[PDB]
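Structure file structure39.pdb with PDB, C-alpha atoms and all ligand atoms:
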ATOM      1  CA  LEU A 401     -49.561  34.715  24.403
ATOM      2  CA  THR A 402     -51.837  37.519  23.186
ATOM      3  CA  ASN A 403     -50.945  40.604  21.111
ATOM      4  CA  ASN A 404     -50.366  43.261  23.775
ATOM      5  CA  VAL A 405     -48.525  43.257  27.093
ATOM      6  CA  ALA A 406     -50.615  44.143  30.124
ATOM      7  CA  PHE A 407     -49.438  46.753  32.614
ATOM      8  CA  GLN A 408     -50.667  46.249  36.154
ATOM      9  CA  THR A 409     -50.835  49.035  38.710
ATOM     10  CA  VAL A 410     -51.394  49.140  42.466
ATOM     11  CA  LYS A 411     -53.923  51.530  43.958
ATOM     12  CA  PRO A 412     -53.474  53.440  47.233
ATOM     13  CA  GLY A 413     -55.190  52.696  50.522
ATOM     14  CA  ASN A 414     -58.237  54.183  52.182
ATOM     15  CA  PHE A 415     -58.472  56.641  55.029
ATOM     16  CA  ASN A 416     -60.529  56.249  58.190
ATOM     17  CA  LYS A 417     -60.907  59.888  59.170
ATOM     18  CA  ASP A 418     -63.014  59.288  62.265
ATOM     19  CA  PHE A 419     -60.308  57.257  63.992
ATOM     20  CA  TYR A 420     -57.613  59.749  63.076
ATOM     21  CA  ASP A 421     -59.634  62.621  64.521
ATOM     22  CA  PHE A 422     -60.233  60.555  67.641
ATOM     23  CA  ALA A 423     -56.554  59.769  68.097
ATOM     24  CA  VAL A 424     -55.381  63.339  67.656
ATOM     25  CA  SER A 425     -58.146  64.475  69.995
ATOM     26  CA  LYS A 426     -56.788  62.309  72.806
ATOM     27  CA  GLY A 427     -53.272  63.658  72.334
ATOM     28  CA  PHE A 428     -51.423  61.285  70.041
ATOM     29  CA  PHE A 429     -49.052  61.830  67.136
ATOM     30  CA  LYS A 430     -47.155  64.635  68.877
ATOM     31  CA  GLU A 431     -44.174  66.142  67.115
ATOM     32  CA  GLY A 432     -40.905  64.426  67.925
ATOM     33  CA  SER A 433     -42.614  61.591  69.813
ATOM     34  CA  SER A 434     -41.707  57.918  69.446
ATOM     35  CA  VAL A 435     -44.964  56.357  68.257
ATOM     36  CA  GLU A 436     -46.031  57.711  64.887
ATOM     37  CA  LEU A 437     -47.136  56.788  61.370
ATOM     38  CA  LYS A 438     -44.675  54.573  59.529
ATOM     39  CA  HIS A 439     -46.894  51.962  57.882
ATOM     40  CA  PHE A 440     -48.781  53.079  54.781
ATOM     41  CA  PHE A 441     -50.301  51.694  51.565
ATOM     42  CA  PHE A 442     -47.604  52.443  49.011
ATOM     43  CA  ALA A 443     -48.748  52.794  45.415
ATOM     44  CA  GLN A 444     -46.972  51.426  42.355
ATOM     45  CA  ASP A 445     -47.079  52.530  38.735
ATOM     46  CA  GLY A 446     -47.143  50.559  35.504
ATOM     47  CA  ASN A 447     -44.128  48.293  35.053
ATOM     48  CA  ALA A 448     -44.231  47.176  38.675
ATOM     49  CA  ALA A 449     -44.676  43.424  38.226
ATOM     50  CA  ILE A 450     -41.773  42.929  35.839
ATOM     51  CA  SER A 451     -39.525  45.268  37.802
ATOM     52  CA  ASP A 452     -39.943  42.917  40.752
ATOM     53  CA  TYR A 453     -39.717  39.658  38.841
ATOM     54  CA  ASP A 454     -36.379  40.991  37.628
ATOM     55  CA  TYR A 455     -34.990  40.474  41.123
ATOM     56  CA  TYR A 456     -34.036  36.910  40.259
ATOM     57  CA  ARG A 457     -30.725  38.047  38.792
ATOM     58  CA  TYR A 458     -29.277  37.504  42.262
ATOM     59  CA  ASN A 459     -29.610  33.761  41.742
ATOM     60  CA  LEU A 460     -26.368  32.293  40.434
ATOM     61  CA  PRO A 461     -25.079  28.743  39.954
ATOM     62  CA  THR A 462     -23.469  27.540  43.150
ATOM     63  CA  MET A 463     -21.249  24.510  43.670
ATOM     64  CA  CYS A 464     -21.272  23.115  47.193
ATOM     65  CA  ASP A 465     -18.512  21.470  49.199
ATOM     66  CA  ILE A 466     -19.845  17.987  48.647
ATOM     67  CA  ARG A 467     -18.344  16.221  51.661
ATOM     68  CA  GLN A 468     -19.330  18.669  54.378
ATOM     69  CA  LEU A 469     -22.741  18.875  52.736
ATOM     70  CA  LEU A 470     -23.061  15.090  52.852
ATOM     71  CA  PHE A 471     -22.351  15.274  56.587
ATOM     72  CA  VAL A 472     -24.590  18.193  57.526
ATOM     73  CA  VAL A 473     -27.444  16.555  55.632
ATOM     74  CA  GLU A 474     -27.213  13.636  58.040
ATOM     75  CA  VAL A 475     -27.215  15.903  61.084
ATOM     76  CA  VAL A 476     -30.168  17.902  59.739
ATOM     77  CA  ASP A 477     -32.024  14.653  59.139
ATOM     78  CA  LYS A 478     -31.359  13.729  62.743
ATOM     79  CA  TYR A 479     -33.038  16.977  63.761
ATOM     80  CA  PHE A 480     -36.164  15.435  62.189
ATOM     81  CA  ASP A 481     -36.800  11.974  63.642
ATOM     82  CA  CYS A 482     -39.858  12.490  65.848
ATOM     83  CA  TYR A 483     -42.543  12.633  63.181
ATOM     84  CA  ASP A 484     -44.142  10.258  60.692
ATOM     85  CA  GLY A 485     -44.899  10.539  57.003
ATOM     86  CA  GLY A 486     -46.021   8.594  53.968
ATOM     87  CA  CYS A 487     -48.533   8.662  51.166
ATOM     88  CA  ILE A 488     -52.238   8.928  51.918
ATOM     89  CA  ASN A 489     -55.275   8.219  49.821
ATOM     90  CA  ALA A 490     -57.415  10.931  48.294
ATOM     91  CA  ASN A 491     -60.067  10.526  50.980
ATOM     92  CA  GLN A 492     -57.845  11.758  53.803
ATOM     93  CA  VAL A 493     -56.608  15.172  52.636
ATOM     94  CA  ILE A 494     -57.774  18.274  54.500
ATOM     95  CA  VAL A 495     -58.292  21.422  52.428
ATOM     96  CA  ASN A 496     -59.083  24.640  54.264
ATOM     97  CA  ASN A 497     -60.760  27.269  52.101
ATOM     98  CA  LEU A 498     -61.673  25.378  48.928
ATOM     99  CA  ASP A 499     -62.390  28.800  47.430
ATOM    100  CA  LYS A 500     -59.046  30.161  46.283
ATOM    101  CA  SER A 501     -57.571  30.641  42.823
ATOM    102  CA  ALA A 502     -56.536  27.639  40.739
ATOM    103  CA  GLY A 503     -53.533  29.029  38.846
ATOM    104  CA  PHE A 504     -53.144  29.566  35.127
ATOM    105  CA  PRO A 505     -55.230  28.435  32.674
ATOM    106  CA  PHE A 506     -57.686  26.912  35.072
ATOM    107  CA  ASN A 507     -58.672  30.183  36.546
ATOM    108  CA  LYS A 508     -60.699  30.830  33.397
ATOM    109  CA  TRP A 509     -63.380  28.385  34.558
ATOM    110  CA  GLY A 510     -63.731  28.779  38.334
ATOM    111  CA  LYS A 511     -61.935  28.405  41.627
ATOM    112  CA  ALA A 512     -60.375  25.315  43.191
ATOM    113  CA  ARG A 513     -63.801  24.190  44.384
ATOM    114  CA  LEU A 514     -64.654  23.168  40.826
ATOM    115  CA  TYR A 515     -61.690  20.875  40.190
ATOM    116  CA  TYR A 516     -61.689  19.512  43.725
ATOM    117  CA  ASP A 517     -65.404  18.830  43.240
ATOM    118  CA  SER A 518     -65.474  17.409  39.702
ATOM    119  CA  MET A 519     -62.874  14.645  40.076
ATOM    120  CA  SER A 520     -63.837  11.509  41.968
ATOM    121  CA  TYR A 521     -61.353   9.869  44.305
ATOM    122  CA  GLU A 522     -60.375   7.458  41.540
ATOM    123  CA  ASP A 523     -59.236  10.295  39.292
ATOM    124  CA  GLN A 524     -57.192  11.871  42.072
ATOM    125  CA  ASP A 525     -55.466   8.624  43.020
ATOM    126  CA  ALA A 526     -54.874   7.927  39.332
ATOM    127  CA  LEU A 527     -53.260  11.336  38.930
ATOM    128  CA  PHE A 528     -50.959  10.609  41.862
ATOM    129  CA  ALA A 529     -50.039   7.206  40.462
ATOM    130  CA  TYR A 530     -49.359   8.861  37.119
ATOM    131  CA  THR A 531     -46.953  11.470  38.461
ATOM    132  CA  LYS A 532     -45.155   8.674  40.269
ATOM    133  CA  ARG A 533     -43.857   7.616  36.838
TER     134      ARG A 533
ATOM    135  CA  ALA B   1     -10.171  91.734  95.266
ATOM    136  CA  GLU B   2     -12.150  90.491  93.713
ATOM    137  CA  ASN B   3     -15.417  88.613  93.964
ATOM    138  CA  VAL B   4     -16.098  87.285  90.475
ATOM    139  CA  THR B   5     -18.592  84.884  88.944
ATOM    140  CA  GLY B   6     -18.419  81.935  86.576
ATOM    141  CA  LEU B   7     -20.411  84.115  84.206
ATOM    142  CA  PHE B   8     -18.475  84.592  80.970
ATOM    143  CA  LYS B   9     -15.485  82.744  82.424
ATOM    144  CA  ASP B  10     -13.097  82.690  79.464
ATOM    145  CA  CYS B  11     -12.426  79.005  79.634
ATOM    146  CA  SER B  12      -9.906  78.923  76.786
ATOM    147  CA  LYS B  13      -6.686  76.984  77.370
ATOM    148  CA  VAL B  14      -4.525  79.757  75.855
ATOM    149  CA  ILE B  15      -2.299  81.456  78.412
ATOM    150  CA  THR B  16      -1.890  85.077  77.276
ATOM    151  CA  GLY B  17      -4.235  87.878  78.275
ATOM    152  CA  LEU B  18      -5.841  90.208  75.760
ATOM    153  CA  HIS B  19      -4.556  93.305  74.056
ATOM    154  CA  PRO B  20      -6.439  96.388  75.372
ATOM    155  CA  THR B  21      -8.309  96.940  72.128
ATOM    156  CA  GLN B  22     -10.192  93.693  71.398
ATOM    157  CA  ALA B  23     -10.327  92.972  75.079
ATOM    158  CA  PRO B  24     -13.941  92.638  76.261
ATOM    159  CA  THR B  25     -13.393  93.981  79.770
ATOM    160  CA  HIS B  26     -10.559  95.278  81.912
ATOM    161  CA  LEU B  27      -9.825  92.036  83.761
ATOM    162  CA  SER B  28      -9.282  90.278  80.440
ATOM    163  CA  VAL B  29      -6.423  92.524  79.311
ATOM    164  CA  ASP B  30      -2.925  91.161  79.790
ATOM    165  CA  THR B  31      -0.652  92.404  82.556
ATOM    166  CA  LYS B  32       1.810  94.315  80.360
ATOM    167  CA  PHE B  33      -0.556  97.167  79.581
ATOM    168  CA  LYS B  34      -1.887  97.069  83.148
ATOM    169  CA  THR B  35      -0.226  99.878  85.121
ATOM    170  CA  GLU B  36      -2.376 100.785  88.135
ATOM    171  CA  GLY B  37      -5.957 100.171  87.045
ATOM    172  CA  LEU B  38      -5.273 101.690  83.611
ATOM    173  CA  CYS B  39      -4.047 100.410  80.259
ATOM    174  CA  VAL B  40      -1.167 102.058  78.385
ATOM    175  CA  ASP B  41      -0.629 101.735  74.643
ATOM    176  CA  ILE B  42       2.532  99.710  74.072
ATOM    177  CA  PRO B  43       3.063  99.572  70.282
ATOM    178  CA  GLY B  44       5.714  96.935  70.971
ATOM    179  CA  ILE B  45       3.464  93.861  70.950
ATOM    180  CA  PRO B  46       0.702  93.966  68.313
ATOM    181  CA  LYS B  47      -2.754  92.408  68.082
ATOM    182  CA  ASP B  48      -3.422  88.827  67.051
ATOM    183  CA  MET B  49      -5.721  88.632  64.036
ATOM    184  CA  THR B  50      -6.942  85.088  64.696
ATOM    185  CA  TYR B  51      -7.916  83.568  68.021
ATOM    186  CA  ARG B  52     -10.712  81.289  69.228
ATOM    187  CA  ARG B  53     -11.677  81.579  72.902
ATOM    188  CA  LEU B  54     -14.587  79.384  73.928
ATOM    189  CA  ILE B  55     -16.658  81.387  76.420
ATOM    190  CA  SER B  56     -18.753  80.018  79.276
ATOM    191  CA  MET B  57     -22.409  80.740  79.980
ATOM    192  CA  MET B  58     -22.901  79.146  83.384
ATOM    193  CA  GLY B  59     -24.576  81.099  86.153
ATOM    194  CA  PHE B  60     -26.856  83.689  84.570
ATOM    195  CA  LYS B  61     -28.987  84.807  87.532
ATOM    196  CA  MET B  62     -31.797  87.110  86.403
ATOM    197  CA  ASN B  63     -33.855  89.123  88.868
ATOM    198  CA  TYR B  64     -34.190  92.376  86.943
ATOM    199  CA  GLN B  65     -37.049  94.797  87.577
ATOM    200  CA  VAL B  66     -38.528  96.772  84.675
ATOM    201  CA  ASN B  67     -42.070  97.892  83.901
ATOM    202  CA  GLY B  68     -42.906  96.753  80.365
ATOM    203  CA  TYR B  69     -41.300  93.351  80.910
ATOM    204  CA  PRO B  70     -42.847  90.271  82.545
ATOM    205  CA  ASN B  71     -40.743  88.630  85.226
ATOM    206  CA  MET B  72     -39.591  85.125  84.359
ATOM    207  CA  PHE B  73     -40.063  83.505  87.783
ATOM    208  CA  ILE B  74     -43.460  83.193  89.435
ATOM    209  CA  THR B  75     -44.603  82.418  92.963
ATOM    210  CA  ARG B  76     -46.320  79.318  94.322
ATOM    211  CA  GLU B  77     -49.830  80.733  94.041
ATOM    212  CA  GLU B  78     -49.701  81.986  90.464
ATOM    213  CA  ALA B  79     -48.075  78.756  89.324
ATOM    214  CA  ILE B  80     -50.984  76.920  90.944
ATOM    215  CA  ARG B  81     -53.620  79.000  89.197
ATOM    216  CA  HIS B  82     -51.854  78.296  85.905
ATOM    217  CA  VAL B  83     -51.683  74.529  85.873
ATOM    218  CA  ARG B  84     -52.520  72.817  82.558
ATOM    219  CA  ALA B  85     -49.376  74.633  81.430
ATOM    220  CA  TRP B  86     -46.819  72.854  83.593
ATOM    221  CA  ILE B  87     -44.111  70.924  81.755
ATOM    222  CA  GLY B  88     -41.107  69.138  83.185
ATOM    223  CA  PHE B  89     -37.603  69.882  81.995
ATOM    224  CA  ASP B  90     -34.145  68.417  82.488
ATOM    225  CA  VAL B  91     -30.832  68.587  80.667
ATOM    226  CA  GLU B  92     -27.759  66.365  80.563
ATOM    227  CA  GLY B  93     -24.536  67.969  79.427
ATOM    228  CA  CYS B  94     -20.953  67.252  78.435
ATOM    229  CA  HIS B  95     -17.511  68.768  78.959
ATOM    230  CA  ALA B  96     -15.167  70.818  76.801
ATOM    231  CA  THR B  97     -11.838  69.373  75.740
ATOM    232  CA  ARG B  98      -8.956  70.001  73.381
ATOM    233  CA  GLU B  99      -9.262  73.742  72.745
ATOM    234  CA  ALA B 100     -10.639  74.750  76.147
ATOM    235  CA  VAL B 101     -11.657  73.245  79.467
ATOM    236  CA  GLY B 102     -13.922  74.097  82.344
ATOM    237  CA  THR B 103     -17.582  74.302  81.343
ATOM    238  CA  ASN B 104     -20.604  72.312  80.215
ATOM    239  CA  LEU B 105     -22.332  71.926  76.870
ATOM    240  CA  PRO B 106     -25.909  70.634  76.631
ATOM    241  CA  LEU B 107     -26.306  67.288  74.930
ATOM    242  CA  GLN B 108     -29.695  65.785  75.787
ATOM    243  CA  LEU B 109     -33.018  67.473  76.516
ATOM    244  CA  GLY B 110     -35.946  65.692  78.139
ATOM    245  CA  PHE B 111     -39.453  66.905  78.848
ATOM    246  CA  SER B 112     -42.472  65.746  80.797
ATOM    247  CA  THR B 113     -43.734  64.596  77.435
ATOM    248  CA  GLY B 114     -41.866  61.492  76.405
ATOM    249  CA  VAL B 115     -39.687  63.253  73.837
ATOM    250  CA  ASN B 116     -35.864  63.279  74.051
ATOM    251  CA  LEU B 117     -33.988  65.542  71.684
ATOM    252  CA  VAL B 118     -30.213  65.497  71.332
ATOM    253  CA  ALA B 119     -27.959  68.211  69.937
ATOM    254  CA  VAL B 120     -24.406  68.560  68.667
ATOM    255  CA  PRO B 121     -21.918  70.272  71.025
ATOM    256  CA  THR B 122     -21.767  73.931  70.030
ATOM    257  CA  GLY B 123     -20.576  76.949  71.964
ATOM    258  CA  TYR B 124     -20.109  80.682  71.722
ATOM    259  CA  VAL B 125     -16.560  81.046  70.410
ATOM    260  CA  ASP B 126     -15.441  84.651  70.068
ATOM    261  CA  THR B 127     -13.186  85.903  67.309
ATOM    262  CA  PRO B 128     -11.190  89.017  66.396
ATOM    263  CA  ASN B 129     -14.123  90.056  64.213
ATOM    264  CA  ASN B 130     -17.034  89.239  66.539
ATOM    265  CA  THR B 131     -18.630  86.481  68.570
ATOM    266  CA  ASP B 132     -19.503  83.309  66.701
ATOM    267  CA  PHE B 133     -21.859  80.382  67.294
ATOM    268  CA  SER B 134     -19.861  77.402  66.073
ATOM    269  CA  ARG B 135     -19.097  73.746  66.669
ATOM    270  CA  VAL B 136     -16.823  72.662  69.520
ATOM    271  CA  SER B 137     -15.185  69.351  70.397
ATOM    272  CA  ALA B 138     -16.189  67.652  73.627
ATOM    273  CA  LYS B 139     -16.350  64.371  75.540
ATOM    274  CA  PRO B 140     -18.852  62.821  77.963
ATOM    275  CA  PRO B 141     -18.586  63.155  81.743
ATOM    276  CA  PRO B 142     -16.328  60.561  83.393
ATOM    277  CA  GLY B 143     -19.062  59.357  85.761
ATOM    278  CA  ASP B 144     -19.605  55.661  85.088
ATOM    279  CA  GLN B 145     -23.397  55.955  84.977
ATOM    280  CA  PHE B 146     -22.830  58.473  82.178
ATOM    281  CA  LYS B 147     -21.358  55.802  79.896
ATOM    282  CA  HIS B 148     -24.808  55.396  78.370
ATOM    283  CA  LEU B 149     -24.101  58.698  76.640
ATOM    284  CA  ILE B 150     -21.042  57.651  74.618
ATOM    285  CA  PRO B 151     -23.188  56.699  71.577
ATOM    286  CA  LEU B 152     -24.905  60.084  71.699
ATOM    287  CA  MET B 153     -21.739  61.938  70.765
ATOM    288  CA  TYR B 154     -22.327  60.901  67.145
ATOM    289  CA  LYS B 155     -25.976  61.868  66.698
ATOM    290  CA  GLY B 156     -27.053  65.337  65.608
ATOM    291  CA  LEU B 157     -28.549  67.701  65.460
ATOM    292  CA  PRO B 158     -27.755  71.209  64.258
ATOM    293  CA  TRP B 159     -29.492  73.529  66.684
ATOM    294  CA  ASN B 160     -31.509  75.168  63.906
ATOM    295  CA  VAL B 161     -33.449  71.927  63.577
ATOM    296  CA  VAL B 162     -33.623  71.186  67.289
ATOM    297  CA  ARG B 163     -35.255  74.446  68.301
ATOM    298  CA  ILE B 164     -37.851  74.151  65.537
ATOM    299  CA  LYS B 165     -38.671  70.665  66.785
ATOM    300  CA  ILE B 166     -39.078  72.078  70.289
ATOM    301  CA  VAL B 167     -41.410  74.823  69.107
ATOM    302  CA  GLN B 168     -43.606  72.367  67.247
ATOM    303  CA  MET B 169     -43.683  69.907  70.152
ATOM    304  CA  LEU B 170     -44.768  72.531  72.660
ATOM    305  CA  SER B 171     -47.253  73.924  70.157
ATOM    306  CA  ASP B 172     -49.098  70.715  69.459
ATOM    307  CA  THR B 173     -48.969  69.797  73.147
ATOM    308  CA  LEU B 174     -50.406  73.003  74.615
ATOM    309  CA  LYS B 175     -52.516  74.477  71.821
ATOM    310  CA  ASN B 176     -55.808  73.295  73.315
TER     311      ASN B 176
HETATM  312 MG    MG C   1     -30.058  64.833  84.566
END

Rewrite the coordinates I just gave you, this time as structure tokens.
Amino acid sequence: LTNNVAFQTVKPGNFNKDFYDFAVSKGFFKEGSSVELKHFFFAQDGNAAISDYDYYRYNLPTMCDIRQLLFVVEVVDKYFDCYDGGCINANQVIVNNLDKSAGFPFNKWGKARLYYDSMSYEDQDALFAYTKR
Amino acid sequence: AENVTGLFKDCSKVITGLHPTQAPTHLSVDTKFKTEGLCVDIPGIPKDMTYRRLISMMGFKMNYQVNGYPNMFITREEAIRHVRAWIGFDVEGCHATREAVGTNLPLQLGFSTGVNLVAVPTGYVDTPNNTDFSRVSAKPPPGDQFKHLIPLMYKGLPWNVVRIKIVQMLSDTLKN
């Protein structure tokens, strides 16, 4: 999109020295003991994002045994017959935390509050009806 | 004759006694050279130049009395004055098998602190050159309640790591 690739890095964590001094004062963290420190804030260097996106190479085309699949789909469906679903109008959705990111390119002009707050119920129902075709 | 002790009981499976030279004591020499309390040089049979005899270290009972040395067992009053230094201790061992039989090898080490180390079976095998601290093959005790040790025959550790771990554990437990 733009003329230079961005390299994102991941900073290390922060240390709470008072609690560590407390815990060693009360006799924790002994050598050879069972409880210890195993959970840290690991840092990453430059080409971290792409080196993790590259992990999709384990996804390969897969052809399924169509008949046994057509049976197990019925059984799985039967595991799922105690609930109720169906479309609902715009004025019945429940959004917790209307203050998260809105994806790309929208995140250039505010959080999800903006778009969930600048489109009347008519526009939302019209958008649904549109994607239904 | 004679009262003896399990101390240094040569538990090797081999059947022949020792040649006078390269025998540690008198009892260990074979019977050929033995002619009334003395050994006689028979150049007929020569000396083996390779042999591995696993030695036992079972009952070591020290009550020595010297001046510049502090005795290693204390009474019931002095041990009371010196609490804050008490630490439990218990060991679970194994048995020697294919090259020698008769003794125990330590395998697990507990402490009053929750730590449990575990070592590899080693013993003090002697050799025509000298004594040698080397690996030995073993097997758990046949007691059924000891079956929870069968996995532990495939964990470490070389003793040169284990004793360092012990030193550091005791250090950071009793330094204050
Ligand atoms: Mg025990």

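If all atoms listed in the file are the atoms counted, then among B:152, B:130, B:165, B:90 the closest residue to ligand MG 1 (chain C) is B:90.
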
Within-6 Å shell of (-47.9, 49.1, 47.3) in input frame, only C-alpha atoms, as JSON, numbers by chain: {"A": [410, 441, 442, 443, 444]}

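The residue that comes closest to ligand MG 1 (chain C), out of B:4, B:149, B:38, B:96 and on the basis of only C-alpha atoms and all ligand atoms, is B:149.
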
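Across the structure, atom CA of residue B:48 and atom CA of residue B:128 are spaced 7.8 Å apart.
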
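For the atom pair formed by atom CA of residue A:533 and atom CA of residue A:519, the distance is 20.5 Å, given to one decimal.
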
Written as a compact mmCIF listing (two decimals) with C-alpha atoms, keeping the file's coordinate frame, what is the full residue list that the PyMOL selection byres (((not hetatm)) within 9 of (chain C and resi 1)) yields on the file shown?
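Written output follows (out_22.txt):
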# COMPACT_ATOMS: atom_id res chain seq x y z
CA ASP B 90 -34.15 68.42 82.49
CA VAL B 91 -30.83 68.59 80.67
CA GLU B 92 -27.76 66.36 80.56
CA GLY B 93 -24.54 67.97 79.43
CA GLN B 108 -29.70 65.78 75.79
CA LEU B 109 -33.02 67.47 76.52
CA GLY B 110 -35.95 65.69 78.14

With a distance threshold of 7 Å and counting all atoms listed in the file, extract the residues of chain A near chain B and express them as a ChimeraX atom specification. /A:430-433

Please, which residues are within 6 Å of (-47.5, 43.6, 33.6) by the file's coordinates, counting all atoms listed in the file, and could they come as a PyMOL selection string? chain A and resi 406-408+447+449

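Around stretch 436-439 of chain A, within 12 Å and counting only C-alpha atoms, the residues found are residues 413, 420, 423, 424, 427, 428, 429 and 430 of chain A, once anything fewer than 6 positions away on its own chain is removed.
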
What would the file look like if the residues just selected were written as a short mmCIF file (atom, residue, chain, number, x, y, z; two decimals), keeping the file's coordinate frame with C-alpha atoms?
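Result file again08.cif:
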data_model
loop_
_atom_site.label_atom_id
_atom_site.label_comp_id
_atom_site.auth_asym_id
_atom_site.auth_seq_id
_atom_site.Cartn_x
_atom_site.Cartn_y
_atom_site.Cartn_z
CA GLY A 413 -55.19 52.70 50.52
CA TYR A 420 -57.61 59.75 63.08
CA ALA A 423 -56.55 59.77 68.10
CA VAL A 424 -55.38 63.34 67.66
CA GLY A 427 -53.27 63.66 72.33
CA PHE A 428 -51.42 61.28 70.04
CA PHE A 429 -49.05 61.83 67.14
CA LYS A 430 -47.16 64.64 68.88
#

Enumerate, as a VMD selection string, the residues matched when the PyMOL selection byres (((chain A and resi 513-517) around 10) and not hetatm) is run on the file above. chain A and resid 495 497 to 502 506 509 to 512 518 to 521 524

Completion of stretch 50-62 of chain B up to N, CA, C and O atoms, as a tab-separated table (two decimals), in the frame of the given file:
chain	number	residue	atom	x	y	z
B	50	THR	N	-6.20	86.34	64.73
B	50	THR	CA	-6.94	85.09	64.70
B	50	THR	C	-6.81	84.40	66.05
B	50	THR	O	-5.71	84.04	66.46
B	51	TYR	N	-7.93	84.24	66.73
B	51	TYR	CA	-7.92	83.57	68.02
B	51	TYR	C	-9.33	83.11	68.35
B	51	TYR	O	-10.29	83.83	68.08
B	52	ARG	N	-9.43	81.92	68.92
B	52	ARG	CA	-10.71	81.29	69.23
B	52	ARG	C	-10.74	81.00	70.72
B	52	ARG	O	-10.04	80.11	71.20
B	53	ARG	N	-11.56	81.74	71.46
B	53	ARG	CA	-11.68	81.58	72.90
B	53	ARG	C	-13.10	81.16	73.23
B	53	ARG	O	-14.02	81.98	73.20
B	54	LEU	N	-13.28	79.88	73.52
B	54	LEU	CA	-14.59	79.38	73.93
B	54	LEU	C	-15.00	80.03	75.25
B	54	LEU	O	-14.26	79.97	76.23
B	55	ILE	N	-16.17	80.65	75.26
B	55	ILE	CA	-16.66	81.39	76.42
B	55	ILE	C	-17.68	80.53	77.15
B	55	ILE	O	-18.30	79.65	76.55
B	56	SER	N	-17.82	80.77	78.45
B	56	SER	CA	-18.75	80.02	79.28
B	56	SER	C	-20.01	80.84	79.53
B	56	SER	O	-19.98	82.07	79.58
B	57	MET	N	-21.12	80.13	79.71
B	57	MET	CA	-22.41	80.74	79.98
B	57	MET	C	-23.00	79.90	81.09
B	57	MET	O	-24.01	79.22	80.90
B	58	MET	N	-22.38	79.90	82.26
B	58	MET	CA	-22.90	79.15	83.38
B	58	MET	C	-23.95	79.56	84.40
B	58	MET	O	-24.98	78.90	84.56
B	59	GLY	N	-23.68	80.66	85.10
B	59	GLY	CA	-24.58	81.10	86.15
B	59	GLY	C	-25.03	82.39	85.52
B	59	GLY	O	-24.22	83.30	85.31
B	60	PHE	N	-26.32	82.50	85.22
B	60	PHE	CA	-26.86	83.69	84.57
B	60	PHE	C	-27.85	83.63	85.72
B	60	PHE	O	-28.54	82.62	85.86
B	61	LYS	N	-27.91	84.66	86.56
B	61	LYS	CA	-28.99	84.81	87.53
B	61	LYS	C	-29.83	86.06	87.36
B	61	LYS	O	-29.48	87.12	87.89
B	62	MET	N	-30.92	85.97	86.62
B	62	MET	CA	-31.80	87.11	86.40
B	62	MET	C	-32.87	87.42	87.44
B	62	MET	O	-33.70	86.56	87.76
